[PDB]
There are 4 protein chains.
Amino acid sequence: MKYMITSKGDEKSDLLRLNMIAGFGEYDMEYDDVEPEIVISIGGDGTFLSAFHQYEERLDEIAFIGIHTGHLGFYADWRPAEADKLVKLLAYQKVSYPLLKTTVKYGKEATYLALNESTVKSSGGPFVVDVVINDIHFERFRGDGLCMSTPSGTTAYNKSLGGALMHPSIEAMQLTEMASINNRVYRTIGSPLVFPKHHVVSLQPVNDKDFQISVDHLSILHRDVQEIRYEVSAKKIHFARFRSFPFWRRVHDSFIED
Amino acid sequence: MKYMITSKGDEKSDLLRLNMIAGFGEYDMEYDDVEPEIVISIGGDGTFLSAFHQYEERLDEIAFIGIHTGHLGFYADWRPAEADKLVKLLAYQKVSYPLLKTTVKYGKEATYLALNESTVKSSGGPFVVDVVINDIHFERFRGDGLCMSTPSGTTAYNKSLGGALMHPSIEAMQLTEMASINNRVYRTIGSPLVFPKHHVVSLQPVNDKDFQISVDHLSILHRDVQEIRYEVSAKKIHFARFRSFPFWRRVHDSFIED
Amino acid sequence: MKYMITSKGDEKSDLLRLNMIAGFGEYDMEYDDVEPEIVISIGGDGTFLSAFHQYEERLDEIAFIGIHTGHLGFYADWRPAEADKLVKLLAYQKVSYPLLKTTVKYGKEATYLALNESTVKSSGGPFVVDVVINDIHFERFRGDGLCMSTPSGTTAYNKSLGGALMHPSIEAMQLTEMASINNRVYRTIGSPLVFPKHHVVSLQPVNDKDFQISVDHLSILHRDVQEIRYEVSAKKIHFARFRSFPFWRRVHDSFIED
Amino acid sequence: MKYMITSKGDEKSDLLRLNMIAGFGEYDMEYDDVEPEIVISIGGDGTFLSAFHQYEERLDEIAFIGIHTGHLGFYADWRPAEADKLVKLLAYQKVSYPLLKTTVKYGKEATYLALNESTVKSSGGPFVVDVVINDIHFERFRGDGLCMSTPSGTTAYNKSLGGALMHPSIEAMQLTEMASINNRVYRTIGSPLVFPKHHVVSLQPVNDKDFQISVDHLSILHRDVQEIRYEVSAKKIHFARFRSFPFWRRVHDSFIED
Ligand SMILES: Nc1ncnc2[nH]c(C#CCOC[C@H]3O[C@@H](n4cnc5c(N)ncnc54)[C@H](O)[C@@H]3O)nc12
Ligand SMILES: Nc1ncnc2[nH]c(C#CCOC[C@H]3O[C@@H](n4cnc5c(N)ncnc54)[C@H](O)[C@@H]3O)nc12
Ligand SMILES: Nc1ncnc2[nH]c(C#CCOC[C@H]3O[C@@H](n4cnc5c(N)ncnc54)[C@H](O)[C@@H]3O)nc12
Ligand SMILES: Nc1ncnc2[nH]c(C#CCOC[C@H]3O[C@@H](n4cnc5c(N)ncnc54)[C@H](O)[C@@H]3O)nc12
């Protein structure tokens, strides 16, 4: 079975990567980073996020595996001391988490796929957008920006914005506000919004048409923006599962105690 | 077709009720409040909540209809001026919203069904419970109480507690905190938690075993409490639908502008 | 110099109390709990709160001292291992913290003095009050209740309600909301309000006239309530200071790390 | 008495400015924008903010006056229909609001004066700073940024960040967080912090030394930053007062109803 391994780049991650490859050499496993069937990420959630977008065009043939070189992450689910036990079993069950689709239309169009969330901010100055939910005008937002998050991404940026922690078995997307201006004239919903499948959220500019759009770790300035469209993607990221590590248990170890 | 009508009790609600009955007398409609197939509530969301628990034991044979005597509610979806148009069509499609099941075990057991939310508070003094998610200990909560809400109930008590507005097509339940004590020794998740189907949340007492449990509008003191169990119910409330009134549009008219 | 010592009541607090008394017997110190000049509290912040209201009628002749039997409190500023060092020095400087005055008028009048905060809730059912700031109607509050807090009490109940941590050298009082109902028809300020000296906040009933008013740890039902009046008191609690323990350092050790 | 008038630049603001000048021509009033004693701003709070920093070097000889061309602002306190009544009286009492001092030290030093607030953000990538309160390390902040606000500025950016509304008679400054990263390893206070006079808050870089610092409406990138120092300034902005317009009344008309 084809596979590949990404490393955080430090001394501990590179050495653990070469030992797993040496262990895989004792089996019928071929290292191929062009079309692998198992992608192993060694580092942090950002290392896993980089490995996700590195193979986002081949998501239905790949089962991802995360190993945290430092503290426990949400996508990294294996301590470095449990690595030799992995390559053995890797020679299991597959669970799937929802993904967020982001479409940007200018005056072509660009689609994006996010594992954590997608964020829109102002290219300097004020940020004003008309929030449109299923072609119905819902509100005109004024503030710093908005954040549409995946279920697994609710524990990341979505959590710091007052959002709710959502179990990754629910196919949905959550929208949160960033310091919304609310007075007598300007009115936002304030509460986070959770959208089911096939529901389309559209952001439309009022005056400024340039926005600093971010998709997971990446963030690029988009000029002449006509519409930013959010919707739950039909693609799902597949994880390679070898035991029981519940999401709530994983939430407990990251924010409560471990 | 059998039917019945509940009234808020004021002068405007009673007169509108008698006119609909008089209109139903011009059709093949029999008024029966023992086993109706269409339950019409005229008043507010509390009037609809009272009509729900009045017929919670016959939920799969009944399609509910709400008419707001005052401001627009979330379960009341018809202005009084559109009442004659209702009895005509009532002689349509049925949509279903999820419901929350609450089990209370003492030292028998009592089950409850909530349309909005279920809340646990302390019978005087401090409130401490061990939150258990799927038999795994998640946290020990200290504060004023907790609130497990239905999707349609997210716009009610859940919204005022910082919770997220959840679309009623998603079968889930949301838990929120009420002034959680968080210091160096006491640690809660803080963020609201959204649980899918078949996920069981269990509250367990630490010292005090008496709690003021509320299920929608009702609130009764329970003594010698051993476990409070929350889970998405297999029963669903059925609404009688005659046109398009989206949930987000309904949210817009209630909190943004109308 | 006259003095007295209060104990939490457990085994560790009582033994430490008798050793300090034995140590005070080696000096010119007289134990008198009727009119002491130094009040020592051994236990927690609640033990100190009980010792405060035990001598709230003689606040300008007394310097309070706190010793935490368990974890560090905000009013308890001495570990039990530093007790012998206290009675020696106690045979120093005095700092003063602001206090909150609460006046309740019925259909007489009752005044109260709070070290942490004062809270108003509904005697069952809904809670609605008209908030009046300096005889001007500011808002009509709907929800669970309100909380007027002292500067030193901002780290207690005020903190869990989203309030701001206020330095105890500022003579002010902070008001916070408890799950305020906010829609298109009902509108609260939402943000916490910080009132200077001589500013009077008045709560007035709309329909229900019975409220569960709490002043620090105590909470009693008041019937036939006409007005609840909040204002910064002219009385100040005096602490006996023997070294430097800044408030922000004290905040750091309680919520960040210690 | 010398005076000058600033205009928002639109058609309504310029015409009202020329009519007041024509009215001032009927009195012993000299228009001088180099060293005026009365500065009149016609437009919005941003127009007043621009007029403040236009004369921030002569703050003790000037009494500011605000006229809102559109909706009511917090610094604009006069409707355009009450303009002729102003120039008459302007030929009164002076109230003073606190100001925030911001010192930036590099590897010289730059001081700033803010009427609303001062904000620090990351020059791309992550934002990490060590918060130091009176030379004591209080926390290491991770997130989007921080916001130190003046009392009168608490209703602006500070309000949207969950901060508390502070009366402008209290000489203090309030600090708020912007989506703080809080897990098991990273810990912030979360609650807003209110600092009295002579208290110094210092932000220190950890890795990145470039920050996008903003002082009221202005925002400029600062490179090679060694320390960002916040403290309540000894300078106070003086307002020209002709009647009673309480701050809480002014808060009521802006966020509740008007
Ligand atoms: N899924 C997860 N659960 C718990 N922790 C996690 N860390 C990560 C990660 C990572 C790698 O870098 C890119 C990430 O920077 C995050 N981020 C930016 N600003 C903030 C903030 N102010 N507060 C929390 N996050 C923030 C985005 O969300 C994006 O994901 N993912 C998760
Ligand atoms: N679904 C809905 N969406 C928008 N508004 C609604 N009102 C109602 C109603 C009703 C009838 O009385 C019982 C209700 O009192 C609510 N409640 C208590 N305390 C609060 C609070 N502090 N903040 C918001 N609610 C509160 C409970 O939630 C329960 O439902 N239902 C909805
Ligand atoms: N000053 C302080 N700083 C940091 N911790 C402190 N603990 C105490 C104490 C004590 C003794 O019992 C009475 C106290 O119960 C508190 N309380 C009630 N409900 C909550 C809640 N939901 N969240 C935080 N507090 C709460 C009140 O505020 C009151 O003071 N004082 C402080
Ligand atoms: N004092 C006031 N009270 C009530 N409203 C006010 N508007 C103003 C003004 C103005 C002119 O432009 C610069 C201002 O942009 C504000 N700002 C940026 N981002 C936000 C946000 N996300 N939420 C609220 N504000 C924001 C800053 O605070 C700064 O002041 N001042 C006030």
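Since every read-out is calculated from the coordinates, none of them should be taken as a lab result. Using ideal geometry, Cβ is built from the backbone for each residue, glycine included, and neighbour counts are taken over all protein chains shown.
Among the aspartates and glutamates, which have Cα under 15 Å from the Cα of A:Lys2 when same-chain residues fewer than 8 positions away are ignored?
Result set, ordered by chain and number: A:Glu26, A:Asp28, A:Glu30, A:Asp32, A:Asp33, A:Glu35, A:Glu37, A:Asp60, A:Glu61.
Within 10 Å of each Cβ of D:176-186, how many other protein chain Cβ atoms are there on average?
5
With the convex hull built on the Cα atoms of chain B, state its orientation-averaged projected area in nm².
Result: 14.9 nm².
Using only alpha carbon pairs under 8 Å that are at least six residues apart, calculate the relative contact order of the stretch B:1-56 and give it in whole percent.
50 percent
Relative to the compact globular guide of 2.2 N^0.38 Å, what is the alpha carbon radius of gyration of the stretch A:46-181, as a ratio?
Rounded to two decimals, the normalised Rg is 1.25.
What is the packing order of peptides D:36-47, C:68-79, taking the mean over residues of other C-beta atoms within 10 Å and listing the highest first?
D:36-47, C:68-79
Using Cβ counts within 10 Å as a stand-in for footprinting exposure, how do A:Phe245, A:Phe239, C:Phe52 rank, fewest first?
Arranged by neighbour count, lowest to highest, A:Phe245, A:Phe239, C:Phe52 become A:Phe245, A:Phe239, C:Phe52.
Take every Cα pair under 8 Å in the stretch B:143-258 that's 6+ residues apart, average their separations, divide by the length, and report that relative contact order as a whole percent.
It rounds to 20 percent for the stretch B:143-258.
Taking the Cβ of B:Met4 as the centre, find all other residues whose Cβ is under 11 Å away and add up their charges (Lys, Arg: +1; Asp, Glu: -1).
Cβ neighbours under 11 Å give a net charge of -3.
Taking the beta-carbon count within 10 Å as an exposure proxy, list B:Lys2, D:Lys121, B:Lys88 from fewest neighbours to most.
The most exposed by this proxy come first: B:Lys88, B:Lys2, D:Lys121.
Under the rule of -39500 (n - 2.57) per DSSP H run of 4 or more residues, summed and divided by the residues of chain B, what mean residue ellipticity at 222 nm is obtained, to the nearest 500 deg cm²/dmol?
-4000 deg cm²/dmol
Averaged over all directions, how much area does the convex hull of the C-alpha atoms of the stretch C:88-139 cover when projected, in nm²?
Approximately 7.7 nm², given one-decimal rounding.
Using 1/(1 + (r/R0)^6) with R0 = 35 angstrom and r between the beta carbons of C:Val206 and C:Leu89, what's the FRET efficiency to the nearest 0.05?
Between C:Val206 and C:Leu89 the formula returns 0.05.
How large is ³J(HN,Hα) for each residue in the stretch C:9-16, as worked out from phi by the Karplus curve 6.51 cos²θ - 1.76 cosθ + 1.60 (θ = phi - 60°), to whole Hz, x for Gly and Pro?
x, 7, 6, 6, 6, 5, 5, 5
Straight-line reach only, C-alpha to C-alpha below 19 angstrom: list the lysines that A:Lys105 could link to, leaving out same-chain residues fewer than 8 apart.
A:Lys121, A:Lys209
Ranked by Cβ crowding within 10 angstrom, fewest neighbours first, how are D:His198, D:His53 ordered?
Lowest to highest Cβ neighbour count: D:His198, D:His53.
Just to be sure I understand the curve: with the Debye formula and one point per C-alpha of the stretch B:149-258, what is log10 I(q)/I(0) at q = 0.17, 0.20, 0.24 Å⁻¹?
Reported log10 I(q)/I(0), two decimals: -1.03, -1.31, -1.55.
Compute the label-point distances linking A:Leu89 to its equivalents in the other copies; points lie 7 Å from Cα along Cα→Cβ; give nm, one decimal, shortest first.
So the distances to the same position in the other copies read 5.5, 5.7, 7.7 nm.
Could you let me know the centre-to-centre spacing of the stretch C:136-166 and the stretch C:222-252, using Cα atoms, in angstrom?
14 Å
Using each residue's phi in the stretch D:32-45, evaluate 6.51 cos²θ - 1.76 cosθ + 1.60 at θ = phi - 60° and report the 3J(HN,Hα) Karplus result to the nearest Hz, with x for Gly and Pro.
8, 8, 8, 9, x, 9, 9, 10, 9, 10, 10, x, x, 5
List the residues, sorted by chain then number, that are 5 or more residues from C:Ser233 or on another chain and whose placed amide H is less than 5 Å from its amide H.
C:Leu99, C:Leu100, C:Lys101
Provide Rg and Dmax in Å for the protein assembly as shown, with only Cα atoms included in the calculation.
31.1, 99
Provide the per-residue ³J(HN,Hα) series for the stretch D:185-194, in order, calculated from phi with Karplus coefficients 6.51, -1.76, 1.60 and θ = phi - 60°, each as a whole number of Hz, with x at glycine and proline positions.
Result, ordered by residue: 9, 10, 9, 10, 6, x, 6, x, 10, 10 Hz.
Work out the FRET efficiency for A:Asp130 and D:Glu109 from their Cβ-Cβ distance, taking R0 = 45 Å, and round it to the nearest 0.05.
0.55
Do any of A:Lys8/D:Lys108; A:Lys8/A:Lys94; A:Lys108/D:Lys12; C:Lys197/D:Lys12 go past 31 Å between their Cα atoms, and which?
A:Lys8/D:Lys108; A:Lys108/D:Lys12; C:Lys197/D:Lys12
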